[PDB]
Structures are given as C-alpha cells and as structure tokens.
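Working notes, structure below.
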Amino acid sequence: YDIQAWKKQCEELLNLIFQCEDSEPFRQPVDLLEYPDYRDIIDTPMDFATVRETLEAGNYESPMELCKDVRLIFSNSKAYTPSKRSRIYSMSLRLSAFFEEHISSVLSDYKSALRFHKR
Ligand SMILES: O=C(O)c1ccc(Cl)c(Cl)c1
C-alpha cells in the first residue's frame with residue numbers, strides 16, 4: 001500500500017524501454033528536418049526523454065498521468081504513419097504492448113494504495 005512506489009517502478013520501466021531497440025525512434029522529439037509536415041498532423045509531440053524528465057522533475061502526480069503521456073507517443077506514431085505496415089509504426093506497436101504489459105501492475109498497485117489510504 002505504498003502510495004509513492006509507482007515512481008521508482010516507472011523509472012525502472014523507462015530504463016527497460018530505453019534499452020529496447022524498438023524505442024530508438026521515440027527517445028527524443030521527432031526531427032522536423034526529416035519529417036517537415038510533422039506539426040501539421042501532430043498537435044502535441046511526446047517522446048520518452050520528455051516523459052523521463054517530467055517524472056524526474058517531480059511533475060507527475062500519479063502513474064496515470066505518465067501513462068497518458070506514454071500513450072500519446074504511441075497515438076502520435078499511429079496518426080503520423082503513412083501505413084499500418086511501416087517500420088517505425090510496427091516498432092511502436094511492439095513497444096506499446098511491452099509498456100501496457102508492465103504498467104498494468106503499477107497502476108493497479110497505486111490505485112489500491114490510494115483506496116487503502118482513504119478507507
Ligand atoms: O516514415 C514512417 O513510416 C514514419 C516516420 C515517423 C513516424 Cl513517427 C512514423 Cl509512426 C512513421
């Protein structure tokens with residue numbers, strides 16, 4: 001019932017994501033020189049370094065907020081992809097499945113801890 005445990009759990013999960021080859025296109029903001037029309041389609045860029053920095057700055061209040069920003073990385077890749085078969089989009093799908101598989105217990109434990117706190 002540790003209400004703060006999610007933060008280190010998210011740091012460790014981000015470490016695993018940064019080790020995944022599939023995260024390379026998503027570690028830093030999308031390069032506008034390589035994809036000049038990016039901001040015409042994507043309103044809110046997001047990347048894993050921004051997520052990690054936000055977490056480390058103490059600017060997430062809950063793992064739900066972190067999860068919303070990670071999911072935005074994946075929805076931006078889906079919105080920008082020219083094809084559902086593209087290389088970068090396929091990497092995003094594998095990374096999303098890995099992230100969802102690991103974030104589920106983090107969210108469950110946090111929500112359970114809050115409910116215990118307010119019992
Ligand atoms: O060229 C592509 O397939 C491509 C380039 C950049 C992104 Cl973010 C995505 Cl999802 C796809």
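Following the order of the structure tokens, first chain is A, next is B, and so on, with residues numbered from 1 inside each chain and ligands from 1 in the order they appear.
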Closest pair table for chain A residues within 12 Å of ligand 1, only C-alpha atoms and all ligand atoms, as CSV:
```
residue,atom,partner,partner_atom_place_in_ligand_line,distance
A:22,CA,ligand 1,10 (Cl),11.9
A:23,CA,ligand 1,8 (Cl),11.2
A:24,CA,ligand 1,8 (Cl),10.9
A:25,CA,ligand 1,8 (Cl),7.2
A:26,CA,ligand 1,8 (Cl),7.6
A:27,CA,ligand 1,8 (Cl),11.1
A:28,CA,ligand 1,8 (Cl),11.0
A:29,CA,ligand 1,8 (Cl),9.4
A:30,CA,ligand 1,8 (Cl),6.6
A:31,CA,ligand 1,6 (C),8.9
A:32,CA,ligand 1,6 (C),10.1
A:33,CA,ligand 1,6 (C),11.7
A:34,CA,ligand 1,5 (C),8.7
A:35,CA,ligand 1,6 (C),7.1
A:36,CA,ligand 1,6 (C),10.6
A:37,CA,ligand 1,6 (C),10.5
A:38,CA,ligand 1,8 (Cl),8.3
A:39,CA,ligand 1,8 (Cl),11.1
A:41,CA,ligand 1,8 (Cl),10.7
A:42,CA,ligand 1,8 (Cl),9.6
A:45,CA,ligand 1,8 (Cl),9.7
A:46,CA,ligand 1,8 (Cl),10.2
A:47,CA,ligand 1,8 (Cl),10.1
A:72,CA,ligand 1,8 (Cl),11.4
A:73,CA,ligand 1,8 (Cl),8.5
A:74,CA,ligand 1,10 (Cl),8.0
A:75,CA,ligand 1,10 (Cl),8.7
A:76,CA,ligand 1,8 (Cl),6.7
A:77,CA,ligand 1,10 (Cl),3.4
A:78,CA,ligand 1,10 (Cl),5.5
A:79,CA,ligand 1,10 (Cl),7.0
A:80,CA,ligand 1,10 (Cl),5.1
A:81,CA,ligand 1,11 (C),4.0
A:82,CA,ligand 1,3 (O),5.8
A:83,CA,ligand 1,3 (O),6.6
A:84,CA,ligand 1,3 (O),8.5
A:85,CA,ligand 1,3 (O),8.2
A:86,CA,ligand 1,3 (O),4.6
A:87,CA,ligand 1,3 (O),5.8
A:88,CA,ligand 1,11 (C),4.8
A:89,CA,ligand 1,10 (Cl),4.2
A:90,CA,ligand 1,10 (Cl),8.0
A:91,CA,ligand 1,10 (Cl),8.5
A:92,CA,ligand 1,10 (Cl),7.2
A:93,CA,ligand 1,10 (Cl),9.7
```
Near region 1-6 of chain A, counting only C-alpha atoms, which residues have an atom at most 9 Å away, once you skip same-chain residues fewer than 2 positions from it, shown as a PyMOL selection string? chain A and resi 8-11+62-63+106-107+109-117
According to DSSP computed on the backbone, where in chain A is there alpha helix (DSSP H)? Give the residues as a ChimeraX atom specification. /A:6-19,38-41,48-56,63-80,87-117
